[PDB]
file work-v2.json (JSON, C-alpha atoms and all ligand atoms)
[["chain", "number", "residue", "atom", "x", "y", "z"],
["A", 1, "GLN", "CA", 9.52, -21.06, -3.48],
["A", 2, "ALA", "CA", 13.06, -19.72, -3.87],
["A", 3, "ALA", "CA", 15.77, -21.16, -1.63],
["A", 4, "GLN", "CA", 16.87, -17.66, -0.61],
["A", 5, "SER", "CA", 14.27, -15.47, 1.12],
["A", 6, "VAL", "CA", 14.34, -11.77, 0.21],
["A", 7, "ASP", "CA", 12.48, -11.02, 3.45],
["A", 8, "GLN", "CA", 15.04, -12.87, 5.56],
["A", 9, "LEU", "CA", 17.84, -11.10, 3.73],
["A", 10, "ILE", "CA", 16.31, -7.63, 3.98],
["A", 11, "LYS", "CA", 15.69, -8.24, 7.69],
["A", 12, "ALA", "CA", 19.38, -9.06, 7.96],
["A", 13, "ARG", "CA", 20.08, -5.65, 6.37],
["A", 14, "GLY", "CA", 18.07, -4.00, 9.14],
["A", 15, "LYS", "CA", 14.68, -3.53, 7.47],
["A", 16, "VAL", "CA", 11.31, -4.70, 8.74],
["A", 17, "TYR", "CA", 10.06, -6.74, 5.79],
["A", 18, "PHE", "CA", 9.86, -7.60, 2.11],
["A", 19, "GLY", "CA", 6.32, -8.63, 1.23],
["A", 20, "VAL", "CA", 3.74, -9.08, -1.50],
["A", 21, "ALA", "CA", 0.12, -8.32, -2.31],
["A", 22, "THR", "CA", -2.22, -11.32, -2.19],
["A", 23, "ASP", "CA", -5.67, -12.58, -1.18],
["A", 24, "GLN", "CA", -7.71, -15.78, -0.82],
["A", 25, "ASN", "CA", -7.96, -16.35, -4.58],
["A", 26, "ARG", "CA", -4.16, -16.56, -4.78],
["A", 27, "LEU", "CA", -3.43, -18.34, -1.49],
["A", 28, "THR", "CA", -5.79, -21.16, -2.49],
["A", 29, "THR", "CA", -4.14, -21.83, -5.87],
["A", 30, "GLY", "CA", -0.79, -22.54, -7.50],
["A", 31, "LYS", "CA", 2.30, -22.12, -5.33],
["A", 32, "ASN", "CA", 1.45, -18.68, -3.93],
["A", 33, "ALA", "CA", 1.06, -19.78, -0.30],
["A", 34, "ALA", "CA", 4.29, -21.77, -0.29],
["A", 35, "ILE", "CA", 6.23, -18.95, -1.95],
["A", 36, "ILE", "CA", 4.92, -16.36, 0.51],
["A", 37, "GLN", "CA", 5.58, -18.59, 3.52],
["A", 38, "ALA", "CA", 9.17, -19.14, 2.39],
["A", 39, "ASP", "CA", 10.28, -15.89, 0.76],
["A", 40, "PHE", "CA", 8.16, -13.06, 2.17],
["A", 41, "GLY", "CA", 7.32, -11.73, 5.62],
["A", 42, "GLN", "CA", 4.45, -9.36, 4.90],
["A", 43, "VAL", "CA", 1.21, -9.28, 2.92],
["A", 44, "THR", "CA", -1.16, -6.58, 1.71],
["A", 45, "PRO", "CA", -4.73, -7.56, 0.71],
["A", 46, "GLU", "CA", -4.88, -6.87, -3.03],
["A", 47, "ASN", "CA", -8.64, -6.20, -2.94],
["A", 48, "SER", "CA", -10.39, -7.78, 0.08],
["A", 49, "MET", "CA", -10.10, -4.72, 2.34],
["A", 50, "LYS", "CA", -11.21, -2.07, -0.12],
["A", 51, "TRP", "CA", -14.49, -0.24, 0.34],
["A", 52, "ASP", "CA", -16.49, -2.06, -2.35],
["A", 53, "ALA", "CA", -15.63, -5.44, -0.80],
["A", 54, "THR", "CA", -16.04, -4.52, 2.87],
["A", 55, "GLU", "CA", -19.09, -2.22, 2.87],
["A", 56, "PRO", "CA", -21.05, -2.97, -0.38],
["A", 57, "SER", "CA", -24.12, -1.59, 1.32],
["A", 58, "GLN", "CA", -23.94, 1.06, 4.04],
["A", 59, "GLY", "CA", -23.64, -0.43, 7.51],
["A", 60, "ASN", "CA", -23.66, -3.92, 5.99],
["A", 61, "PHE", "CA", -20.03, -5.04, 6.21],
["A", 62, "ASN", "CA", -18.53, -8.16, 4.67],
["A", 63, "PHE", "CA", -15.19, -9.38, 6.03],
["A", 64, "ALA", "CA", -15.03, -12.83, 4.40],
["A", 65, "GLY", "CA", -12.01, -12.16, 2.20],
["A", 66, "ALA", "CA", -10.37, -9.78, 4.66],
["A", 67, "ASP", "CA", -10.70, -12.29, 7.52],
["A", 68, "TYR", "CA", -9.21, -15.05, 5.38],
["A", 69, "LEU", "CA", -6.07, -13.03, 4.67],
["A", 70, "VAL", "CA", -5.65, -11.71, 8.23],
["A", 71, "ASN", "CA", -6.06, -15.18, 9.74],
["A", 72, "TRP", "CA", -3.72, -16.78, 7.19],
["A", 73, "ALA", "CA", -1.19, -14.01, 7.83],
["A", 74, "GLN", "CA", -1.30, -14.43, 11.63],
["A", 75, "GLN", "CA", -1.12, -18.22, 11.42],
["A", 76, "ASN", "CA", 1.97, -17.89, 9.22],
["A", 77, "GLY", "CA", 3.69, -15.09, 11.14],
["A", 78, "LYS", "CA", 3.38, -12.54, 8.34],
["A", 79, "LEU", "CA", 2.98, -8.79, 8.91],
["A", 80, "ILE", "CA", -0.07, -7.09, 7.40],
["A", 81, "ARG", "CA", -0.57, -3.71, 5.70],
["A", 82, "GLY", "CA", -4.26, -2.69, 5.56],
["A", 83, "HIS", "CA", -5.33, -1.24, 2.20],
["A", 84, "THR", "CA", -7.18, 1.10, 1.33],
["A", 85, "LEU", "CA", -9.54, 3.00, 3.73],
["A", 86, "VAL", "CA", -10.36, 6.17, 1.82],
["A", 87, "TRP", "CA", -10.10, 6.02, -1.98],
["A", 88, "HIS", "CA", -12.16, 7.26, -4.94],
["A", 89, "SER", "CA", -11.80, 4.00, -6.89],
["A", 90, "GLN", "CA", -13.59, 0.74, -6.12],
["A", 91, "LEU", "CA", -16.05, 2.88, -4.18],
["A", 92, "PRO", "CA", -19.75, 1.92, -3.82],
["A", 93, "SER", "CA", -22.34, 4.05, -5.60],
["A", 94, "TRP", "CA", -24.09, 4.68, -2.28],
["A", 95, "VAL", "CA", -21.02, 6.58, -1.09],
["A", 96, "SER", "CA", -20.49, 8.70, -4.20],
["A", 97, "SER", "CA", -24.22, 9.54, -4.17],
["A", 98, "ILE", "CA", -23.86, 11.42, -0.89],
["A", 99, "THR", "CA", -23.72, 15.21, -1.24],
["A", 100, "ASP", "CA", -24.19, 16.23, 2.40],
["A", 101, "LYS", "CA", -21.04, 17.19, 4.32],
["A", 102, "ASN", "CA", -22.13, 15.81, 7.71],
["A", 103, "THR", "CA", -23.42, 12.60, 6.16],
["A", 104, "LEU", "CA", -20.30, 11.72, 4.18],
["A", 105, "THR", "CA", -18.02, 12.66, 7.09],
["A", 106, "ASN", "CA", -19.84, 10.27, 9.43],
["A", 107, "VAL", "CA", -19.92, 7.58, 6.73],
["A", 108, "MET", "CA", -16.17, 7.91, 6.15],
["A", 109, "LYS", "CA", -15.39, 7.86, 9.87],
["A", 110, "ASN", "CA", -17.55, 4.79, 10.45],
["A", 111, "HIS", "CA", -15.92, 2.95, 7.56],
["A", 112, "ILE", "CA", -12.45, 3.75, 8.94],
["A", 113, "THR", "CA", -13.36, 2.94, 12.53],
["A", 114, "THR", "CA", -15.15, -0.32, 11.74],
["A", 115, "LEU", "CA", -12.38, -1.89, 9.64],
["A", 116, "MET", "CA", -9.53, -0.86, 11.92],
["A", 117, "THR", "CA", -11.35, -1.90, 15.10],
["A", 118, "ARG", "CA", -12.09, -5.38, 13.76],
["A", 119, "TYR", "CA", -8.36, -6.03, 13.31],
["A", 120, "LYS", "CA", -7.12, -3.83, 16.16],
["A", 121, "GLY", "CA", -3.55, -4.59, 17.15],
["A", 122, "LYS", "CA", -3.11, -7.05, 14.29],
["A", 123, "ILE", "CA", -2.22, -4.57, 11.54],
["A", 124, "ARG", "CA", 1.27, -3.08, 11.32],
["A", 125, "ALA", "CA", 0.22, -0.24, 9.02],
["A", 126, "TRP", "CA", -2.83, 1.07, 7.17],
["A", 127, "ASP", "CA", -3.03, 3.00, 3.90],
["A", 128, "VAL", "CA", -5.60, 5.42, 5.28],
["A", 129, "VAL", "CA", -5.86, 7.72, 2.26],
["A", 130, "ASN", "CA", -5.02, 6.49, -1.23],
["A", 131, "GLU", "CA", -4.21, 8.57, -4.33],
["A", 132, "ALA", "CA", -5.34, 11.97, -2.98],
["A", 133, "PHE", "CA", -3.09, 13.98, -5.31],
["A", 134, "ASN", "CA", -3.40, 15.15, -8.91],
["A", 135, "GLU", "CA", -0.27, 14.89, -11.04],
["A", 136, "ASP", "CA", 0.32, 18.64, -10.71],
["A", 137, "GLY", "CA", 0.36, 18.42, -6.92],
["A", 138, "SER", "CA", -3.11, 19.83, -6.34],
["A", 139, "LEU", "CA", -5.54, 17.64, -4.40],
["A", 140, "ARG", "CA", -7.62, 15.20, -6.45],
["A", 141, "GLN", "CA", -11.24, 16.35, -6.72],
["A", 142, "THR", "CA", -12.92, 13.21, -5.42],
["A", 143, "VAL", "CA", -16.31, 12.99, -3.73],
["A", 144, "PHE", "CA", -14.48, 13.24, -0.40],
["A", 145, "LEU", "CA", -12.77, 16.50, -1.37],
["A", 146, "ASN", "CA", -15.82, 17.94, -3.12],
["A", 147, "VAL", "CA", -18.22, 17.16, -0.29],
["A", 148, "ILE", "CA", -16.13, 17.35, 2.87],
["A", 149, "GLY", "CA", -13.36, 19.65, 1.70],
["A", 150, "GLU", "CA", -9.60, 19.44, 2.27],
["A", 151, "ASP", "CA", -10.23, 18.62, 5.93],
["A", 152, "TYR", "CA", -11.29, 15.10, 4.96],
["A", 153, "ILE", "CA", -7.63, 14.04, 5.07],
["A", 154, "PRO", "CA", -6.90, 15.34, 8.57],
["A", 155, "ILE", "CA", -10.23, 13.84, 9.68],
["A", 156, "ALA", "CA", -9.43, 10.44, 8.18],
["A", 157, "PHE", "CA", -6.07, 10.28, 9.95],
["A", 158, "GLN", "CA", -7.32, 11.49, 13.34],
["A", 159, "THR", "CA", -10.14, 8.94, 13.14],
["A", 160, "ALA", "CA", -7.76, 6.15, 12.13],
["A", 161, "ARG", "CA", -5.41, 6.89, 15.03],
["A", 162, "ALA", "CA", -8.27, 6.77, 17.54],
["A", 163, "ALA", "CA", -9.49, 3.47, 16.08],
["A", 164, "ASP", "CA", -6.15, 1.65, 16.45],
["A", 165, "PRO", "CA", -3.29, 3.63, 18.08],
["A", 166, "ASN", "CA", -1.01, 0.63, 17.41],
["A", 167, "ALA", "CA", -0.98, 0.95, 13.61],
["A", 168, "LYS", "CA", 1.26, 3.18, 11.50],
["A", 169, "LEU", "CA", -0.95, 5.45, 9.37],
["A", 170, "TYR", "CA", 0.04, 6.03, 5.75],
["A", 171, "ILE", "CA", -0.96, 8.26, 2.87],
["A", 172, "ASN", "CA", -0.27, 6.22, -0.29],
["A", 173, "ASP", "CA", 0.20, 7.35, -3.90],
["A", 174, "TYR", "CA", 1.83, 6.64, -7.25],
["A", 175, "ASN", "CA", 4.12, 8.62, -9.53],
["A", 176, "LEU", "CA", 6.23, 9.64, -6.53],
["A", 177, "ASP", "CA", 9.14, 8.01, -8.36],
["A", 178, "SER", "CA", 11.05, 11.10, -9.51],
["A", 179, "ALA", "CA", 12.48, 13.82, -7.25],
["A", 180, "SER", "CA", 11.85, 16.49, -9.91],
["A", 181, "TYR", "CA", 8.19, 15.52, -10.50],
["A", 182, "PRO", "CA", 5.54, 17.98, -9.18],
["A", 183, "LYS", "CA", 3.50, 15.32, -7.39],
["A", 184, "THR", "CA", 6.49, 14.11, -5.37],
["A", 185, "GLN", "CA", 7.34, 17.61, -4.17],
["A", 186, "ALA", "CA", 3.71, 18.43, -3.41],
["A", 187, "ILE", "CA", 2.96, 15.44, -1.20],
["A", 188, "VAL", "CA", 6.16, 16.14, 0.74],
["A", 189, "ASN", "CA", 5.15, 19.77, 1.36],
["A", 190, "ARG", "CA", 1.55, 18.89, 2.25],
["A", 191, "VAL", "CA", 2.54, 16.06, 4.61],
["A", 192, "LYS", "CA", 5.01, 18.43, 6.24],
["A", 193, "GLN", "CA", 2.16, 20.91, 6.74],
["A", 194, "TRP", "CA", -0.34, 18.34, 8.02],
["A", 195, "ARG", "CA", 2.06, 16.85, 10.54],
["A", 196, "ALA", "CA", 2.86, 20.39, 11.70],
["A", 197, "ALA", "CA", -0.85, 20.93, 12.38],
["A", 198, "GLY", "CA", -0.99, 17.75, 14.45],
["A", 199, "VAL", "CA", -2.22, 15.27, 11.83],
["A", 200, "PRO", "CA", -0.92, 11.74, 12.62],
["A", 201, "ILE", "CA", 0.64, 10.78, 9.29],
["A", 202, "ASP", "CA", 3.21, 8.12, 10.22],
["A", 203, "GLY", "CA", 4.29, 7.29, 6.70],
["A", 204, "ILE", "CA", 4.27, 8.03, 3.00],
["A", 205, "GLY", "CA", 3.67, 5.02, 0.82],
["A", 206, "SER", "CA", 5.13, 5.15, -2.68],
["A", 207, "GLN", "CA", 3.29, 2.65, -4.87],
["A", 208, "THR", "CA", 6.18, 2.52, -7.33],
["A", 209, "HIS", "CA", 4.37, 1.08, -10.35],
["A", 210, "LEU", "CA", 7.23, 1.60, -12.78],
["A", 211, "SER", "CA", 7.86, 1.36, -16.49],
["A", 212, "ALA", "CA", 11.25, 0.27, -17.83],
["A", 213, "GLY", "CA", 14.18, 2.36, -16.60],
["A", 214, "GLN", "CA", 12.31, 4.31, -13.92],
["A", 215, "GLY", "CA", 14.08, 2.56, -11.05],
["A", 216, "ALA", "CA", 17.06, 4.90, -11.26],
["A", 217, "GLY", "CA", 14.99, 7.94, -10.31],
["A", 218, "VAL", "CA", 13.79, 6.32, -7.09],
["A", 219, "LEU", "CA", 17.31, 6.68, -5.66],
["A", 220, "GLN", "CA", 16.61, 10.43, -5.36],
["A", 221, "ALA", "CA", 12.82, 10.31, -4.98],
["A", 222, "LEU", "CA", 12.64, 8.17, -1.84],
["A", 223, "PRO", "CA", 15.12, 10.37, 0.07],
["A", 224, "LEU", "CA", 13.02, 13.38, -0.96],
["A", 225, "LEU", "CA", 9.87, 11.71, 0.37],
["A", 226, "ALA", "CA", 11.72, 10.92, 3.60],
["A", 227, "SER", "CA", 12.48, 14.64, 3.95],
["A", 228, "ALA", "CA", 8.81, 15.23, 4.81],
["A", 229, "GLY", "CA", 9.67, 14.07, 8.32],
["A", 230, "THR", "CA", 7.34, 11.08, 8.71],
["A", 231, "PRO", "CA", 8.79, 8.38, 10.98],
["A", 232, "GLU", "CA", 8.31, 5.92, 8.12],
["A", 233, "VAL", "CA", 8.25, 5.65, 4.33],
["A", 234, "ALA", "CA", 7.79, 2.51, 2.27],
["A", 235, "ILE", "CA", 7.71, 1.06, -1.24],
["A", 236, "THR", "CA", 4.14, -0.26, -1.23],
["A", 237, "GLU", "CA", 3.08, -1.70, -4.60],
["A", 238, "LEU", "CA", 6.27, -2.39, -6.54],
["A", 239, "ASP", "CA", 6.17, -3.84, -10.04],
["A", 240, "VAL", "CA", 8.19, -2.97, -13.14],
["A", 241, "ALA", "CA", 7.23, -3.37, -16.78],
["A", 242, "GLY", "CA", 9.87, -5.68, -18.19],
["A", 243, "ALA", "CA", 11.02, -6.77, -14.72],
["A", 244, "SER", "CA", 14.56, -5.62, -15.45],
["A", 245, "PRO", "CA", 16.96, -6.56, -12.63],
["A", 246, "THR", "CA", 18.36, -3.02, -12.97],
["A", 247, "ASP", "CA", 15.06, -1.38, -12.02],
["A", 248, "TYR", "CA", 14.37, -3.79, -9.18],
["A", 249, "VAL", "CA", 17.85, -3.50, -7.67],
["A", 250, "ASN", "CA", 17.67, 0.31, -7.89],
["A", 251, "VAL", "CA", 14.41, 0.39, -5.93],
["A", 252, "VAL", "CA", 15.81, -1.96, -3.29],
["A", 253, "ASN", "CA", 18.95, 0.18, -2.93],
["A", 254, "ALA", "CA", 16.80, 3.30, -2.58],
["A", 255, "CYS", "CA", 15.15, 1.73, 0.46],
["A", 256, "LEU", "CA", 18.46, 0.48, 1.87],
["A", 257, "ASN", "CA", 19.78, 4.03, 1.49],
["A", 258, "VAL", "CA", 16.83, 5.61, 3.33],
["A", 259, "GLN", "CA", 16.90, 5.15, 7.12],
["A", 260, "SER", "CA", 13.14, 5.62, 7.45],
["A", 261, "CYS", "CA", 12.24, 3.10, 4.73],
["A", 262, "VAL", "CA", 10.87, 0.15, 6.68],
["A", 263, "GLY", "CA", 10.37, -2.24, 3.78],
["A", 264, "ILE", "CA", 9.14, -3.18, 0.33],
["A", 265, "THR", "CA", 5.95, -4.80, -0.92],
["A", 266, "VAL", "CA", 5.84, -6.19, -4.48],
["A", 267, "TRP", "CA", 2.37, -6.12, -6.05],
["A", 268, "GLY", "CA", 1.80, -9.83, -6.57],
["A", 269, "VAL", "CA", 3.68, -13.11, -6.91],
["A", 270, "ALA", "CA", 3.53, -14.59, -10.43],
["A", 271, "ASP", "CA", 3.43, -12.62, -13.71],
["A", 272, "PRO", "CA", 0.15, -14.01, -15.09],
["A", 273, "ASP", "CA", -1.63, -12.93, -11.89],
["A", 274, "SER", "CA", -0.34, -9.34, -12.09],
["A", 275, "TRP", "CA", -2.84, -6.55, -12.70],
["A", 276, "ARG", "CA", -0.27, -5.55, -15.36],
["A", 277, "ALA", "CA", 0.43, -9.11, -16.58],
["A", 278, "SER", "CA", 0.94, -7.92, -20.18],
["A", 279, "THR", "CA", 4.19, -6.41, -18.93],
["A", 280, "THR", "CA", 5.43, -9.49, -16.98],
["A", 281, "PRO", "CA", 6.36, -7.06, -14.15],
["A", 282, "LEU", "CA", 6.76, -9.42, -11.18],
["A", 283, "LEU", "CA", 9.53, -11.53, -9.59],
["A", 284, "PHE", "CA", 8.15, -15.01, -10.39],
["A", 285, "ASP", "CA", 7.12, -16.34, -13.80],
["A", 286, "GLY", "CA", 4.02, -18.27, -14.84],
["A", 287, "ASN", "CA", 5.81, -21.46, -13.74],
["A", 288, "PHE", "CA", 6.16, -19.92, -10.28],
["A", 289, "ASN", "CA", 9.94, -19.94, -10.67],
["A", 290, "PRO", "CA", 12.15, -17.05, -9.50],
["A", 291, "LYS", "CA", 13.05, -14.64, -12.31],
["A", 292, "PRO", "CA", 16.44, -12.96, -12.89],
["A", 293, "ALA", "CA", 15.14, -9.96, -10.94],
["A", 294, "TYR", "CA", 14.45, -12.07, -7.85],
["A", 295, "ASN", "CA", 17.95, -13.52, -7.91],
["A", 296, "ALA", "CA", 19.40, -10.04, -8.44],
["A", 297, "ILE", "CA", 17.61, -8.75, -5.34],
["A", 298, "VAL", "CA", 18.87, -11.72, -3.34],
["A", 299, "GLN", "CA", 22.44, -11.12, -4.55],
["A", 300, "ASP", "CA", 22.18, -7.41, -3.71],
["A", 301, "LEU", "CA", 20.87, -8.02, -0.18],
["A", 302, "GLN", "CA", 23.45, -10.66, 0.75],
["B", 1, "LIG", "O1", -6.27, -6.87, -8.61],
["B", 1, "LIG", "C1", -6.21, -5.49, -8.96],
["B", 1, "LIG", "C2", -5.38, -4.74, -7.94],
["B", 1, "LIG", "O2", -4.01, -5.15, -8.05],
["B", 1, "LIG", "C3", -5.45, -3.25, -8.22],
["B", 1, "LIG", "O3", -4.76, -2.55, -7.19],
["B", 1, "LIG", "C4", -4.87, -1.13, -7.12],
["B", 1, "LIG", "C5", -4.18, -0.52, -8.31],
["B", 1, "LIG", "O4", -4.25, 0.91, -8.24],
["B", 1, "LIG", "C6", -3.58, 1.42, -7.10],
["B", 1, "LIG", "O5", -2.23, 1.09, -7.11],
["B", 1, "LIG", "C7", -4.23, 0.88, -5.82],
["B", 1, "LIG", "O6", -3.51, 1.38, -4.68],
["B", 1, "LIG", "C8", -4.23, -0.64, -5.84],
["B", 1, "LIG", "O7", -4.97, -1.15, -4.73],
["B", 1, "LIG", "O8", -6.79, -2.80, -8.19],
["B", 1, "LIG", "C9", -7.56, -3.42, -9.23],
["B", 1, "LIG", "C10", -7.61, -4.93, -9.02],
["B", 1, "LIG", "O9", -8.30, -5.54, -10.11]]

call {"tool": "encode", "arguments": {"input": "work-v2.json", "output": "structure tokens"}}
result
Amino acid sequence: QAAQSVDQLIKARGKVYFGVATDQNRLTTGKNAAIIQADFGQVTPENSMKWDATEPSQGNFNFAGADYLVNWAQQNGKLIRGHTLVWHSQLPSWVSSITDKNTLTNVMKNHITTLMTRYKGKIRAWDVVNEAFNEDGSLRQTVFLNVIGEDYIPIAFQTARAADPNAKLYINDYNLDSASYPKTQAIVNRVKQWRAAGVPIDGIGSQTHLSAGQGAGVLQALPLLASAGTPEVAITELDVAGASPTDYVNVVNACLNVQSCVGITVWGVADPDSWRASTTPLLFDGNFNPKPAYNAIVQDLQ
């Protein structure tokens, strides 16, 4: 654990939190638990709340991993961001095998309702729909879109709101890092349209999985995302190939500069445990020691 907490410091700057992705496998090993307890104030389940883990077989839910994280979070006063309710990846074959509109709709609604109800009132925000956009801005042709149609998004959000009116509902996606990129402009326009039709989209989550030097563009991208009018926006899965302090500080400043940005979540704790470990993209090294990027963030927030 680092002496200076980025969560404490960002809270002092007026934001809600600075957190990290984690799960039982991390909390039970190394110094992950201690680091999170001391330097972060929010956690997102890296995998335990996804569809393949929670509903491997239809109507047969498994909350072992999810319960571990939620309980640990509550016991340690950490906020929680539910991830991911509707997504084409890490999706059971029984779901993708469905071709009937009514069937898939009910299946999707039940999945959403079951997970959110179990943790009702305990989750600050949920990534209801994940990666629904193609790079050109068109909607990704997933089983949900192909079988239910474009209305699957409004349906997912309306269902989520009814399940837990306390949680902030997000649509999450990547490559929303540049203001001139098609995808960024498209999600803004679509979210503007959906909210206008009454869809309860409370926030846009920008994964922010960057490569070296892409932090600079976020300074203009985040404000653009905020222009969609959602009450909230957030950096949800931050990591940067190379872990340059320049990229990290730029992303933090982008959030500080955007009134509606509630916080930042970095996608993991130590480099070797990153899903992109070959790019040592996190804030702590294999020795669980703070990297130059962590200190740079601290210095920027003070
Ligand atoms: O442990 C990794 C996770 O980190 C990874 O997370 C996904 C990555 O793709 C998207 O960003 C999605 O929103 C995240 O949940 O998923 C694979 C798993 O092995």

call {"tool": "atom_distance", "arguments": {"input": "work-v2.json", "atom1": "CA of residue 17 (chain A)", "atom2": "CA of residue 43 (chain A)"}}
result
9.6 Å

call {"tool": "residues_near_point", "arguments": {"input": "work-v2.json", "point": "(-2.4, -7.1, 2.5)", "cutoff": "10 Å", "atoms": "only C-alpha atoms", "output": "list in words"}}
result
residues 19, 20, 21, 22, 23, 42, 43, 44, 45, 46, 47, 48, 49, 66, 69, 70, 73, 78, 79, 80, 81, 82, 83, 84, 123, 125, 126, 265 and 267 of chain A

call {"tool": "atom_distance", "arguments": {"input": "work-v2.json", "atom1": "CA of residue 152 (chain A)", "atom2": "CA of residue 61 (chain A)"}}
result
22.0 Å

call {"tool": "atom_distance", "arguments": {"input": "work-v2.json", "atom1": "CA of residue 260 (chain A)", "atom2": "CA of residue 226 (chain A)"}}
result
6.7 Å

call {"tool": "residues_near_ligand", "arguments": {"input": "work-v2.json", "ligand": "ligand LIG 1 (chain B)", "cutoff": "9 Å", "atoms": "only C-alpha atoms and all ligand atoms", "output": "short mmCIF file (atom, residue, chain, number, x, y, z; two decimals) with C-alpha atoms, in the coordinates of the input"}}
result
data_model
loop_
_atom_site.label_atom_id
_atom_site.label_comp_id
_atom_site.auth_asym_id
_atom_site.auth_seq_id
_atom_site.Cartn_x
_atom_site.Cartn_y
_atom_site.Cartn_z
CA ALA A 21 0.12 -8.32 -2.31
CA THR A 22 -2.22 -11.32 -2.19
CA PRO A 45 -4.73 -7.56 0.71
CA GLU A 46 -4.88 -6.87 -3.03
CA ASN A 47 -8.64 -6.20 -2.94
CA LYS A 50 -11.21 -2.07 -0.12
CA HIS A 83 -5.33 -1.24 2.20
CA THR A 84 -7.18 1.10 1.33
CA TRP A 87 -10.10 6.02 -1.98
CA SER A 89 -11.80 4.00 -6.89
CA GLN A 90 -13.59 0.74 -6.12
CA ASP A 127 -3.03 3.00 3.90
CA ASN A 130 -5.02 6.49 -1.23
CA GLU A 131 -4.21 8.57 -4.33
CA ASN A 172 -0.27 6.22 -0.29
CA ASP A 173 0.20 7.35 -3.90
CA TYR A 174 1.83 6.64 -7.25
CA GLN A 207 3.29 2.65 -4.87
CA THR A 208 6.18 2.52 -7.33
CA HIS A 209 4.37 1.08 -10.35
CA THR A 236 4.14 -0.26 -1.23
CA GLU A 237 3.08 -1.70 -4.60
CA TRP A 267 2.37 -6.12 -6.05
CA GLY A 268 1.80 -9.83 -6.57
CA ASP A 273 -1.63 -12.93 -11.89
CA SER A 274 -0.34 -9.34 -12.09
CA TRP A 275 -2.84 -6.55 -12.70
CA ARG A 276 -0.27 -5.55 -15.36
#

call {"tool": "decode", "arguments": {"input": "work-v2.json", "residues": "region 7-18 of chain A", "atoms": "N, CA, C and O atoms", "output": "PDB file, in the first residue's frame"}}
result
ATOM      1  N   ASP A   7      -7.668   7.753  -3.777  1.00  0.00           N
ATOM      2  CA  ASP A   7      -9.106   7.875  -3.554  1.00  0.00           C
ATOM      3  C   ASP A   7      -9.377   9.012  -2.577  1.00  0.00           C
ATOM      4  O   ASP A   7     -10.281   9.820  -2.777  1.00  0.00           O
ATOM      5  N   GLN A   8      -8.594   9.062  -1.506  1.00  0.00           N
ATOM      6  CA  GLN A   8      -8.744  10.121  -0.515  1.00  0.00           C
ATOM      7  C   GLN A   8      -8.486  11.471  -1.166  1.00  0.00           C
ATOM      8  O   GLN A   8      -9.211  12.437  -0.936  1.00  0.00           O
ATOM      9  N   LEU A   9      -7.444  11.531  -1.985  1.00  0.00           N
ATOM     10  CA  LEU A   9      -7.092  12.771  -2.659  1.00  0.00           C
ATOM     11  C   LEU A   9      -8.108  13.189  -3.717  1.00  0.00           C
ATOM     12  O   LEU A   9      -8.396  14.379  -3.865  1.00  0.00           O
ATOM     13  N   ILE A  10      -8.666  12.232  -4.457  1.00  0.00           N
ATOM     14  CA  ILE A  10      -9.641  12.617  -5.470  1.00  0.00           C
ATOM     15  C   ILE A  10     -10.928  13.048  -4.775  1.00  0.00           C
ATOM     16  O   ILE A  10     -11.635  13.931  -5.260  1.00  0.00           O
ATOM     17  N   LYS A  11     -11.223  12.444  -3.627  1.00  0.00           N
ATOM     18  CA  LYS A  11     -12.418  12.819  -2.873  1.00  0.00           C
ATOM     19  C   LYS A  11     -12.238  14.255  -2.395  1.00  0.00           C
ATOM     20  O   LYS A  11     -13.195  15.029  -2.338  1.00  0.00           O
ATOM     21  N   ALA A  12     -11.002  14.611  -2.064  1.00  0.00           N
ATOM     22  CA  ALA A  12     -10.708  15.961  -1.604  1.00  0.00           C
ATOM     23  C   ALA A  12     -10.839  16.959  -2.755  1.00  0.00           C
ATOM     24  O   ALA A  12     -10.991  18.159  -2.523  1.00  0.00           O
ATOM     25  N   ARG A  13     -10.778  16.463  -3.991  1.00  0.00           N
ATOM     26  CA  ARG A  13     -10.916  17.318  -5.167  1.00  0.00           C
ATOM     27  C   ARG A  13     -12.386  17.418  -5.572  1.00  0.00           C
ATOM     28  O   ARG A  13     -12.726  18.094  -6.545  1.00  0.00           O
ATOM     29  N   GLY A  14     -13.250  16.733  -4.827  1.00  0.00           N
ATOM     30  CA  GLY A  14     -14.675  16.785  -5.101  1.00  0.00           C
ATOM     31  C   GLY A  14     -15.282  15.621  -5.864  1.00  0.00           C
ATOM     32  O   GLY A  14     -16.469  15.662  -6.193  1.00  0.00           O
ATOM     33  N   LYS A  15     -14.494  14.591  -6.160  1.00  0.00           N
ATOM     34  CA  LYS A  15     -15.025  13.441  -6.889  1.00  0.00           C
ATOM     35  C   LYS A  15     -15.520  12.374  -5.922  1.00  0.00           C
ATOM     36  O   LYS A  15     -15.271  12.442  -4.713  1.00  0.00           O
ATOM     37  N   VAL A  16     -16.228  11.387  -6.455  1.00  0.00           N
ATOM     38  CA  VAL A  16     -16.784  10.333  -5.624  1.00  0.00           C
ATOM     39  C   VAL A  16     -15.802   9.234  -5.245  1.00  0.00           C
ATOM     40  O   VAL A  16     -15.807   8.764  -4.097  1.00  0.00           O
ATOM     41  N   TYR A  17     -14.951   8.828  -6.182  1.00  0.00           N
ATOM     42  CA  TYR A  17     -14.023   7.739  -5.892  1.00  0.00           C
ATOM     43  C   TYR A  17     -12.930   7.536  -6.927  1.00  0.00           C
ATOM     44  O   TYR A  17     -12.978   8.072  -8.033  1.00  0.00           O
ATOM     45  N   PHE A  18     -11.953   6.729  -6.536  1.00  0.00           N
ATOM     46  CA  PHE A  18     -10.867   6.303  -7.404  1.00  0.00           C
ATOM     47  C   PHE A  18     -10.785   4.845  -6.966  1.00  0.00           C
ATOM     48  O   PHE A  18     -10.466   4.555  -5.803  1.00  0.00           O
TER      49      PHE A  18
END
